[PDB]
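Coordinates in review
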Amino acid sequence: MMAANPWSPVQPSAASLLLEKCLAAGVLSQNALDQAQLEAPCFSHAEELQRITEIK
Amino acid sequence: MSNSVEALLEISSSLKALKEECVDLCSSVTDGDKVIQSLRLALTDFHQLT
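These remarks concern the structure in this document. (Residues numbered from 1 in each chain as written, not as in the entry; some residues may be left out. Chains lettered and ligands numbered in written order. Part of a larger assembly, values for the part shown. Heavy atoms only, no water.)

**A short note on the overall build of chain A**
The helix and strand tally for chain A stands at three helices and zero strands. Counting from the amino terminus, helix and strand elements in chain A follow one another as α-α-α. For 56 residues, the compact-globule estimate of 2.2 N^0.38 gives 10 Å, and the C-alpha radius of gyration of chain A, at 17 Å, exceeds that figure by more than 25%. Looking at the 56 residues of chain A, the share that counts as buried comes to 2%. Total accessible area on chain A is roughly 5,700 Å²; 61% of this is exposed by carbon and sulfur atoms. (Helix = DSSP H or I, 4+ residues; strand = E, 2+ residues; numbered from the N terminus. Rg over C-alpha atoms; globule rule 2.2 N^0.38 Å. Buried < 20%, exposed > 50% of the residue type's maximum accessible area, 1.4 Å probe, protein only. Areas by Shrake-Rupley, 256 points an atom, 1.4 Å probe, with all protein chains shown as cover.)

Structure follows, in structure tokens:
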């Protein structure tokens, strides 16, 4: 029972805990999840502002 | 973004040009304070001799 290291800055999401449960029950395979991986960029506008601040 | 990057390239070029003009100024920190003391003595002597 992978005891969530309380000190990890990133708390596990409900989605993650659900996915983990599905994988542990053998109903979902990691291969099936990998094939479904969406590389969609998250927060693009915030990233651009960070770069401008550094150059300044 | 495009404006910031162009401003960096301009300032960097201006700095490089000024560093090259100031090559004689960049050598060994001899104790500026010692040279002035010595100069003070020489001037004072010069004045007295004149």
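**Re the overall build of chain B**
Regarding its fold elements, chain B presents two helices and zero strands. Radius of gyration (C-alpha) of chain B: 21 Å, far over the 10 Å computed for a compact globule of 50 residues. Overall size of chain B, expressed as C-alpha extent along the three principal axes, is 65 × 20 × 15 Å. For chain B, the accessible area works out to roughly 5,200 Å², and carbon and sulfur atoms hold 61% of it. Side-chain charges of chain B comprise 4 positive and 8 negative groups, with the mean position of each set lying 8 Å from the other. (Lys, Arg positive; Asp, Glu negative; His and termini not counted. Charge placed at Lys NZ, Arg CZ, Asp CG, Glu CD.)

**As for the side chain of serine 4 of chain B**
The topology assignment puts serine 4 of chain B in helix 1 (residues 2–21). When sequence neighbours within four positions are dropped, the list of residues in contact with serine 4 of chain B reads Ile52, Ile55 and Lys56 of chain A. (Contact = heavy atoms within 4.5 Å.)

**Some details on the interface of chain A and chain B**
Taken together, the contact pairs five residues of chain A with four residues of chain B. Carbon and sulfur atoms make up 82% of the area that chain A and chain B hide from each other, which totals about 380 Å². A per-residue breakdown of the area chain A buries against chain B is headed by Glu48, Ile52 and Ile55 of chain A, which together make up 85% of the total. The tally of links between chain A and chain B comes to zero salt bridges. Taken together, the connections running from chain A to chain B amount to zero residue pairs in polar contact. (Buried area = accessible area lost by both parts, 1.4 Å probe. Salt bridge = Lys/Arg side-chain N within 4 Å of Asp/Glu carboxyl O. Polar contact = N/O pair within 3.5 Å; in protein donor to acceptor, adjacent residues only side chain to side chain.)

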